[PDB]
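Below: work-v2.txt (compact mmCIF, N, CA and C atoms and all ligand atoms)
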```txt
# COMPACT_ATOMS: atom_id res chain seq x y z
N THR Z 693 25.69 -65.00 2.35
CA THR Z 693 26.14 -66.22 1.62
C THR Z 693 27.52 -66.69 2.10
N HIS Z 694 28.28 -65.87 2.83
CA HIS Z 694 29.64 -66.20 3.35
C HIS Z 694 30.01 -65.23 4.47
N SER Z 695 30.67 -65.72 5.53
CA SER Z 695 31.01 -64.93 6.75
C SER Z 695 32.33 -65.40 7.38
N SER Z 696 33.43 -64.76 7.00
CA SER Z 696 34.78 -64.87 7.63
C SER Z 696 35.02 -63.62 8.47
N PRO Z 697 36.03 -63.59 9.37
CA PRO Z 697 36.44 -62.35 10.03
C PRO Z 697 37.01 -61.23 9.13
N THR Z 698 37.52 -61.57 7.94
CA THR Z 698 38.07 -60.59 6.95
C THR Z 698 37.17 -60.47 5.72
N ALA Z 699 36.20 -61.37 5.50
CA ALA Z 699 35.39 -61.41 4.26
C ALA Z 699 33.90 -61.65 4.56
N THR Z 700 33.01 -61.02 3.79
CA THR Z 700 31.54 -61.29 3.76
C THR Z 700 31.01 -61.27 2.33
N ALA Z 701 29.81 -61.83 2.15
CA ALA Z 701 29.03 -61.75 0.91
C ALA Z 701 27.53 -61.81 1.24
N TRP Z 702 26.73 -61.00 0.55
CA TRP Z 702 25.25 -60.95 0.71
C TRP Z 702 24.57 -61.04 -0.67
N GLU Z 703 23.31 -61.45 -0.68
CA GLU Z 703 22.37 -61.41 -1.84
C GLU Z 703 21.08 -60.69 -1.41
N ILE Z 704 20.53 -59.84 -2.28
CA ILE Z 704 19.23 -59.13 -2.06
C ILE Z 704 18.29 -59.40 -3.23
N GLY Z 705 17.05 -59.82 -2.97
CA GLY Z 705 16.00 -59.92 -3.99
C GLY Z 705 15.09 -58.69 -4.00
N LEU Z 706 15.15 -57.86 -5.05
CA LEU Z 706 14.27 -56.68 -5.20
C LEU Z 706 13.22 -56.92 -6.29
N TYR Z 707 11.94 -56.62 -6.01
CA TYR Z 707 10.81 -56.72 -6.97
C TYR Z 707 10.25 -55.31 -7.24
N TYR Z 708 10.21 -54.88 -8.51
CA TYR Z 708 9.77 -53.53 -8.96
C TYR Z 708 8.44 -53.60 -9.72
N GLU Z 709 7.56 -52.62 -9.52
CA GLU Z 709 6.30 -52.47 -10.28
C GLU Z 709 6.27 -51.07 -10.90
N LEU Z 710 6.43 -51.02 -12.22
CA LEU Z 710 6.43 -49.79 -13.04
C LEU Z 710 5.04 -49.61 -13.66
N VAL Z 711 4.33 -48.56 -13.27
CA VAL Z 711 3.08 -48.10 -13.94
C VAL Z 711 3.48 -47.48 -15.28
N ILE Z 712 2.96 -47.99 -16.40
CA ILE Z 712 3.12 -47.38 -17.75
C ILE Z 712 1.94 -46.44 -17.98
N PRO Z 713 2.15 -45.11 -18.16
CA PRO Z 713 1.04 -44.19 -18.40
C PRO Z 713 0.42 -44.30 -19.79
N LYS Z 714 -0.88 -44.02 -19.87
CA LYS Z 714 -1.70 -43.94 -21.12
C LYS Z 714 -1.83 -42.47 -21.52
N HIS Z 715 -2.16 -41.61 -20.56
CA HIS Z 715 -2.24 -40.14 -20.71
C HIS Z 715 -1.85 -39.46 -19.39
N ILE Z 716 -1.23 -38.28 -19.46
CA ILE Z 716 -0.83 -37.42 -18.30
C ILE Z 716 -1.56 -36.08 -18.42
N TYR Z 717 -2.24 -35.63 -17.36
CA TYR Z 717 -3.02 -34.37 -17.31
C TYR Z 717 -2.38 -33.39 -16.30
N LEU Z 718 -1.99 -32.18 -16.73
CA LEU Z 718 -1.18 -31.24 -15.90
C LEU Z 718 -2.02 -30.07 -15.36
N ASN Z 719 -2.86 -29.41 -16.16
CA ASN Z 719 -3.57 -28.15 -15.75
C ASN Z 719 -4.99 -28.47 -15.28
N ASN Z 720 -5.21 -28.65 -13.97
CA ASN Z 720 -6.44 -29.30 -13.44
C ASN Z 720 -7.13 -28.42 -12.40
N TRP Z 721 -8.46 -28.49 -12.33
CA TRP Z 721 -9.27 -27.76 -11.31
C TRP Z 721 -10.14 -28.74 -10.53
N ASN Z 722 -10.36 -28.50 -9.23
CA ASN Z 722 -11.33 -29.26 -8.41
C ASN Z 722 -12.72 -28.61 -8.51
N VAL Z 723 -13.79 -29.38 -8.71
CA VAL Z 723 -15.19 -28.87 -8.71
C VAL Z 723 -15.66 -28.58 -7.27
N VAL Z 724 -16.43 -27.51 -7.07
CA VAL Z 724 -17.10 -27.15 -5.77
C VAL Z 724 -18.57 -26.79 -6.05
N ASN Z 725 -19.52 -27.67 -5.75
CA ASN Z 725 -20.97 -27.44 -5.99
C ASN Z 725 -21.48 -26.44 -4.95
N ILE Z 726 -22.13 -25.34 -5.35
CA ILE Z 726 -22.70 -24.32 -4.42
C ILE Z 726 -24.23 -24.40 -4.44
N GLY Z 727 -24.85 -24.47 -5.61
CA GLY Z 727 -26.31 -24.63 -5.73
C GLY Z 727 -27.02 -23.28 -5.69
N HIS Z 728 -28.24 -23.26 -5.15
CA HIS Z 728 -29.21 -22.14 -5.24
C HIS Z 728 -30.32 -22.37 -4.20
N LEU Z 729 -30.81 -21.31 -3.56
CA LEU Z 729 -31.96 -21.38 -2.62
C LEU Z 729 -33.26 -21.10 -3.38
N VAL Z 730 -34.35 -21.76 -2.98
CA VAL Z 730 -35.72 -21.58 -3.55
C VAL Z 730 -36.70 -21.54 -2.38
N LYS Z 731 -37.59 -20.55 -2.35
CA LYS Z 731 -38.63 -20.37 -1.30
C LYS Z 731 -39.98 -20.75 -1.92
N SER Z 732 -40.56 -21.87 -1.48
CA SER Z 732 -41.70 -22.54 -2.15
C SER Z 732 -42.78 -22.88 -1.12
N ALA Z 733 -44.01 -22.37 -1.32
CA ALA Z 733 -45.20 -22.63 -0.48
C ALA Z 733 -44.85 -22.51 1.01
N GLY Z 734 -44.00 -21.54 1.37
CA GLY Z 734 -43.59 -21.26 2.76
C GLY Z 734 -42.22 -21.82 3.12
N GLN Z 735 -41.80 -22.94 2.52
CA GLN Z 735 -40.56 -23.68 2.91
C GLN Z 735 -39.37 -23.12 2.12
N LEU Z 736 -38.23 -22.90 2.79
CA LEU Z 736 -36.91 -22.60 2.16
C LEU Z 736 -36.22 -23.92 1.81
N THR Z 737 -35.69 -24.03 0.60
CA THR Z 737 -35.15 -25.29 0.02
C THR Z 737 -33.82 -25.01 -0.67
N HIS Z 738 -32.81 -25.84 -0.45
CA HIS Z 738 -31.50 -25.75 -1.14
C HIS Z 738 -31.50 -26.74 -2.32
N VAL Z 739 -31.24 -26.26 -3.54
CA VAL Z 739 -31.32 -27.08 -4.79
C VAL Z 739 -29.91 -27.24 -5.38
N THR Z 740 -29.54 -28.45 -5.80
CA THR Z 740 -28.19 -28.76 -6.37
C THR Z 740 -28.28 -29.69 -7.58
N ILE Z 741 -27.40 -29.47 -8.56
CA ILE Z 741 -27.20 -30.35 -9.75
C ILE Z 741 -26.14 -31.39 -9.40
N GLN H 100 -50.44 -29.12 -10.29
CA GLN H 100 -50.15 -29.28 -11.75
C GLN H 100 -49.76 -27.95 -12.41
N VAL H 101 -49.67 -26.84 -11.66
CA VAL H 101 -49.24 -25.51 -12.18
C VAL H 101 -47.76 -25.60 -12.58
N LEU H 102 -47.29 -24.75 -13.50
CA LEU H 102 -45.85 -24.61 -13.83
C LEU H 102 -45.12 -23.97 -12.65
N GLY H 103 -43.93 -24.49 -12.32
CA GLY H 103 -43.12 -24.04 -11.16
C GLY H 103 -42.12 -22.96 -11.56
N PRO H 104 -41.22 -22.53 -10.65
CA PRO H 104 -40.26 -21.47 -10.93
C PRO H 104 -39.16 -21.88 -11.91
N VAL H 105 -38.41 -20.91 -12.43
CA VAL H 105 -37.20 -21.12 -13.29
C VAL H 105 -35.99 -20.46 -12.62
N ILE H 106 -34.84 -21.13 -12.63
CA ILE H 106 -33.56 -20.58 -12.07
C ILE H 106 -32.49 -20.65 -13.16
N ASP H 107 -31.68 -19.60 -13.29
CA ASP H 107 -30.65 -19.47 -14.36
C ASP H 107 -29.35 -18.82 -13.86
N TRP H 108 -29.16 -18.64 -12.54
CA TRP H 108 -27.90 -18.18 -11.90
C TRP H 108 -27.46 -16.79 -12.39
N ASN H 109 -28.35 -15.99 -12.98
CA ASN H 109 -28.08 -14.60 -13.44
C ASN H 109 -28.26 -13.63 -12.26
N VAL H 110 -27.19 -12.99 -11.79
CA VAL H 110 -27.23 -12.03 -10.65
C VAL H 110 -27.90 -10.72 -11.10
N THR H 111 -27.47 -10.15 -12.24
CA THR H 111 -27.97 -8.87 -12.81
C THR H 111 -29.50 -8.81 -12.79
N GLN H 112 -30.16 -9.95 -13.04
CA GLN H 112 -31.63 -10.09 -13.12
C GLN H 112 -32.29 -9.80 -11.77
N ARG H 113 -31.59 -10.03 -10.65
CA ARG H 113 -32.17 -9.99 -9.27
C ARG H 113 -31.70 -8.75 -8.50
N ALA H 114 -31.13 -7.75 -9.18
CA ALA H 114 -30.62 -6.49 -8.58
C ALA H 114 -31.78 -5.70 -7.98
N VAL H 115 -31.60 -5.16 -6.77
CA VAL H 115 -32.62 -4.32 -6.05
C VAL H 115 -31.96 -2.99 -5.65
N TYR H 116 -32.51 -1.87 -6.14
CA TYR H 116 -31.97 -0.50 -5.98
C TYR H 116 -32.83 0.29 -4.99
N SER T 127 -27.83 25.44 26.14
CA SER T 127 -26.91 24.37 25.61
C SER T 127 -27.75 23.29 24.90
N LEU T 128 -27.22 22.75 23.79
CA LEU T 128 -27.88 21.68 23.00
C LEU T 128 -26.87 21.09 22.01
N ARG T 129 -26.30 19.94 22.35
CA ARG T 129 -25.34 19.14 21.52
C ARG T 129 -26.16 18.20 20.62
N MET T 130 -25.84 18.13 19.32
CA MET T 130 -26.57 17.26 18.35
C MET T 130 -25.57 16.55 17.43
N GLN T 131 -26.04 15.56 16.66
CA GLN T 131 -25.22 14.70 15.76
C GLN T 131 -25.88 14.66 14.37
N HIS T 132 -25.36 15.39 13.41
CA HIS T 132 -26.02 15.42 12.09
C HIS T 132 -25.44 14.35 11.18
N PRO T 133 -26.27 13.50 10.54
CA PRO T 133 -25.77 12.52 9.57
C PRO T 133 -25.22 13.20 8.32
N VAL T 134 -24.12 12.68 7.78
CA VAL T 134 -23.48 13.24 6.55
C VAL T 134 -23.21 12.13 5.53
N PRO T 135 -23.65 12.21 4.25
CA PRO T 135 -23.53 11.07 3.30
C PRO T 135 -22.15 10.45 3.00
N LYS T 136 -22.12 9.20 2.52
CA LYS T 136 -20.86 8.48 2.13
C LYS T 136 -21.25 7.21 1.36
N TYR T 137 -20.29 6.38 0.92
CA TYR T 137 -20.64 5.18 0.11
C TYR T 137 -19.45 4.23 -0.07
N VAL T 138 -19.68 2.92 -0.25
CA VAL T 138 -18.59 1.93 -0.54
C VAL T 138 -18.95 1.13 -1.80
N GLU T 139 -18.04 1.04 -2.77
CA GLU T 139 -18.32 0.34 -4.05
C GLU T 139 -18.30 -1.18 -3.82
N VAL T 140 -19.25 -1.91 -4.41
CA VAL T 140 -19.42 -3.38 -4.23
C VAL T 140 -19.70 -4.04 -5.58
N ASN T 141 -18.73 -4.73 -6.19
CA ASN T 141 -18.89 -5.48 -7.47
C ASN T 141 -19.38 -6.90 -7.19
N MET T 142 -20.16 -7.48 -8.09
CA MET T 142 -20.76 -8.84 -7.99
C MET T 142 -20.73 -9.53 -9.35
N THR T 143 -20.37 -10.82 -9.42
CA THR T 143 -20.40 -11.63 -10.66
C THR T 143 -21.06 -12.98 -10.41
N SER T 144 -21.48 -13.65 -11.49
CA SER T 144 -22.28 -14.89 -11.49
C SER T 144 -21.38 -16.12 -11.53
N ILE T 145 -21.98 -17.28 -11.25
CA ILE T 145 -21.33 -18.62 -11.14
C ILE T 145 -22.22 -19.59 -11.93
N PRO T 146 -22.03 -19.68 -13.27
CA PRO T 146 -22.85 -20.57 -14.10
C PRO T 146 -22.99 -21.98 -13.53
N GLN T 147 -24.25 -22.46 -13.41
CA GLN T 147 -24.65 -23.79 -12.89
C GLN T 147 -24.40 -23.89 -11.37
N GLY T 148 -23.91 -22.84 -10.72
CA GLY T 148 -23.52 -22.91 -9.30
C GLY T 148 -22.24 -23.69 -9.07
N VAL T 149 -21.40 -23.86 -10.09
CA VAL T 149 -20.08 -24.56 -9.98
C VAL T 149 -18.98 -23.52 -9.78
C1 LIG X 1 -28.97 -11.55 -17.27
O1 LIG X 1 -29.87 -10.52 -16.82
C2 LIG X 1 -29.77 -9.24 -17.48
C3 LIG X 1 -30.89 -8.34 -16.94
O2 LIG X 1 -32.17 -8.96 -17.09
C4 LIG X 1 -29.83 -9.35 -19.00
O3 LIG X 1 -29.38 -8.10 -19.55
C5 LIG X 1 -30.38 -7.41 -20.32
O4 LIG X 1 -30.51 -7.96 -21.63
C6 LIG X 1 -31.53 -7.36 -22.43
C7 LIG X 1 -31.57 -8.10 -23.77
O5 LIG X 1 -31.98 -9.45 -23.56
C8 LIG X 1 -31.26 -5.86 -22.61
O6 LIG X 1 -32.35 -5.24 -23.30
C9 LIG X 1 -31.09 -5.19 -21.25
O7 LIG X 1 -30.69 -3.83 -21.45
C10 LIG X 1 -30.05 -5.91 -20.40
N1 LIG X 1 -30.02 -5.30 -19.08
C11 LIG X 1 -28.90 -4.99 -18.41
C12 LIG X 1 -29.11 -4.34 -17.08
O8 LIG X 1 -27.77 -5.21 -18.83
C13 LIG X 1 -28.93 -10.47 -19.51
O9 LIG X 1 -29.14 -10.67 -20.92
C14 LIG X 1 -29.24 -11.76 -18.75
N2 LIG X 1 -28.57 -12.94 -19.29
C15 LIG X 1 -27.25 -13.11 -19.36
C16 LIG X 1 -26.82 -14.42 -19.95
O10 LIG X 1 -26.42 -12.30 -18.97
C1 LIG X 2 -14.83 3.64 -3.30
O1 LIG X 2 -15.84 3.93 -4.26
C2 LIG X 2 -16.66 5.04 -3.87
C3 LIG X 2 -17.90 5.09 -4.76
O2 LIG X 2 -19.04 5.33 -3.92
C4 LIG X 2 -15.83 6.31 -3.91
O3 LIG X 2 -16.66 7.43 -3.54
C5 LIG X 2 -16.31 8.69 -4.16
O4 LIG X 2 -15.35 9.41 -3.38
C6 LIG X 2 -14.97 10.68 -3.93
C7 LIG X 2 -13.82 11.26 -3.11
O5 LIG X 2 -12.57 10.83 -3.66
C8 LIG X 2 -16.20 11.59 -3.98
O6 LIG X 2 -15.88 12.88 -4.53
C9 LIG X 2 -17.27 10.93 -4.84
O7 LIG X 2 -18.47 11.72 -4.81
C10 LIG X 2 -17.57 9.52 -4.36
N1 LIG X 2 -18.41 8.88 -5.37
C11 LIG X 2 -19.67 8.46 -5.21
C12 LIG X 2 -20.37 8.63 -3.89
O8 LIG X 2 -20.26 7.93 -6.15
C13 LIG X 2 -14.66 6.16 -2.94
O9 LIG X 2 -13.74 7.25 -3.06
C14 LIG X 2 -13.90 4.84 -3.17
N2 LIG X 2 -13.01 4.61 -2.04
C15 LIG X 2 -11.72 4.29 -2.18
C16 LIG X 2 -11.00 4.05 -0.88
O10 LIG X 2 -11.15 4.18 -3.26
```
Reformat the file's structure so that it appears as C-alpha cells.
Amino acid sequence: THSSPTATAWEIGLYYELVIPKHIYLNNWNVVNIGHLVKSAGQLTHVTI
Amino acid sequence: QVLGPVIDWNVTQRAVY
Amino acid sequence: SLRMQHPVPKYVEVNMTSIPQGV
C-alpha cells in the first residue's frame, strides 16, 4: 500500500474455514474380513459376510 | 433341494487327535 | 560294524482360538 526507501506498508486477506464437530471418537479399531473355506461337490470355495 | 452345510467359526468342534 | 539312528520322542505346545464371524 506504500513504498518509500525508509517506509513500507502491506495488507493481507486471509480466509479461514473452521469445522465445528458434532461428535469425536477416540478408541477405534479397523475391520479385517477373513471368511471361511467350504468344499462342495468337488469345488473349494471361499465364503465371506 | 437338499439342506446344505452349516458354519459357526468354532475351532474346538473341528479338532483332530 | 553297524551305525544306526534311533528315533526318541518330543513335543511342542500349540494353542488355538476362534474369530467370531471371521472378523
Ligand atoms: C464349540 O464346540 C465345542 C465342542 O463341540 C462345544 O463344547 C462342548 O459343549 C458341550 C455342551 O454343549 C459339552 O457337553 C462338551 O463337553 C463341550 N466339549 C468341549 C471339548 O469343551 C462348545 O459348546 C461349542 N460352542 C461354543 C460357542 O463354544
Ligand atoms: C513346551 O510344551 C511342551 C509340552 O509338550 C513341554 O514338554 C514337556 O517337557 C518336560 C521337560 O521340561 C517333560 O518332562 C515333559 O514330559 C514334556 N511334556 C509333555 C511331552 O507333555 C516343553 O517343555 C515346553 N517347552 C518349553 C521351551 O517351554
Quick one: residues within 6 Å of ligand LIG 2 (chain X), with only C-alpha atoms and all ligand atoms, as JSON, numbers by chain?
-> {"T": [137, 138, 139]}
Around ligand LIG 1 (chain X), which protein and nucleic acid residues have at least one atom no more than 5 Å from it, if we count only N, CA and C atoms and all ligand atoms? List them as a PDB file with N, CA and C atoms, keeping the file's coordinate frame.
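So the final result, stored in part-v2.pdb, reads:
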```pdb
ATOM      1  N   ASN H 109     -28.350 -15.990 -12.980  1.00  0.00           N
ATOM      2  CA  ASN H 109     -28.080 -14.600 -13.440  1.00  0.00           C
ATOM      3  C   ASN H 109     -28.260 -13.630 -12.260  1.00  0.00           C
ATOM      4  N   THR H 111     -27.470 -10.150 -12.240  1.00  0.00           N
ATOM      5  CA  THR H 111     -27.970  -8.870 -12.810  1.00  0.00           C
ATOM      6  C   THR H 111     -29.500  -8.810 -12.790  1.00  0.00           C
ATOM      7  N   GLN H 112     -30.160  -9.950 -13.040  1.00  0.00           N
ATOM      8  CA  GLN H 112     -31.630 -10.090 -13.120  1.00  0.00           C
ATOM      9  C   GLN H 112     -32.290  -9.800 -11.770  1.00  0.00           C
TER      10      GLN H 112
END
```
How close does each residue of chain H get to chain Z, giving the shortest atom pair and distance in Å to one decimal for every residue with an atom at most 12 Å away, counting only C-alpha atoms, sorted by chain and residue number, as JSON lines?
```
{"residue": "H:103", "atom": "CA", "partner": "Z:732", "partner_atom": "CA", "distance": 9.2}
{"residue": "H:104", "atom": "CA", "partner": "Z:730", "partner_atom": "CA", "distance": 8.7}
{"residue": "H:105", "atom": "CA", "partner": "Z:730", "partner_atom": "CA", "distance": 9.9}
{"residue": "H:106", "atom": "CA", "partner": "Z:728", "partner_atom": "CA", "distance": 8.2}
{"residue": "H:107", "atom": "CA", "partner": "Z:728", "partner_atom": "CA", "distance": 9.6}
{"residue": "H:108", "atom": "CA", "partner": "Z:728", "partner_atom": "CA", "distance": 7.9}
{"residue": "H:109", "atom": "CA", "partner": "Z:728", "partner_atom": "CA", "distance": 11.2}
{"residue": "H:110", "atom": "CA", "partner": "Z:728", "partner_atom": "CA", "distance": 11.6}
```
Please identify every residue of chain T that has at least one atom no more than 8 Å from any atom of chain H, counting only N, CA and C atoms, and report them as a CSV table (one decimal) with N, CA and C atoms, keeping the file's coordinate frame.
```csv
chain,number,residue,atom,x,y,z
T,142,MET,N,-20.2,-7.5,-8.1
T,142,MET,CA,-20.8,-8.8,-8.0
T,142,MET,C,-20.7,-9.5,-9.4
T,143,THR,N,-20.4,-10.8,-9.4
T,143,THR,CA,-20.4,-11.6,-10.7
T,143,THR,C,-21.1,-13.0,-10.4
T,144,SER,N,-21.5,-13.6,-11.5
T,144,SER,CA,-22.3,-14.9,-11.5
T,144,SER,C,-21.4,-16.1,-11.5
T,145,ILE,N,-22.0,-17.3,-11.2
T,145,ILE,CA,-21.3,-18.6,-11.1
T,145,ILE,C,-22.2,-19.6,-11.9
T,146,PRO,N,-22.0,-19.7,-13.3
T,146,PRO,CA,-22.8,-20.6,-14.1
T,146,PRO,C,-23.0,-22.0,-13.5
T,147,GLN,N,-24.2,-22.5,-13.4
T,147,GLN,CA,-24.6,-23.8,-12.9
T,147,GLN,C,-24.4,-23.9,-11.4
T,148,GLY,N,-23.9,-22.8,-10.7
T,148,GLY,CA,-23.5,-22.9,-9.3
T,148,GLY,C,-22.2,-23.7,-9.1
```
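On the backbone of this structure, DSSP gives strand (DSSP E or B) within chain Z to residues 694, 695, 700, 701, 728, 729, 730, 731, 732, 735, 736, 737, 738 and 739 of chain Z.
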Give one line per residue of chain Z that approaches chain T to at most 6 Å, naming the two atoms of the closest pair and their distance in Å to one decimal, counting all atoms listed in the file; sort by chain then ascending residue number and deliver it as a tab-separated table.
```
residue	atom	partner	partner_atom	distance
Z:724	C	T:149	CA	4.8
Z:725	CA	T:149	CA	5.0
Z:726	N	T:148	C	4.1
Z:727	N	T:148	CA	4.2
```
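Rounded to one decimal, CA of residue 722 (chain Z) and atom N of residue 736 (chain Z) lie 29.8 Å from each other.
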Quick one: pull the distance between CA of residue 695 (chain Z) and CA of residue 707 (chain Z), Å, one decimal.
-> 25.8 Å
Atom C of residue 741 (chain Z) to atom C of residue 720 (chain Z), straight-line distance in Å = 19.5 Å
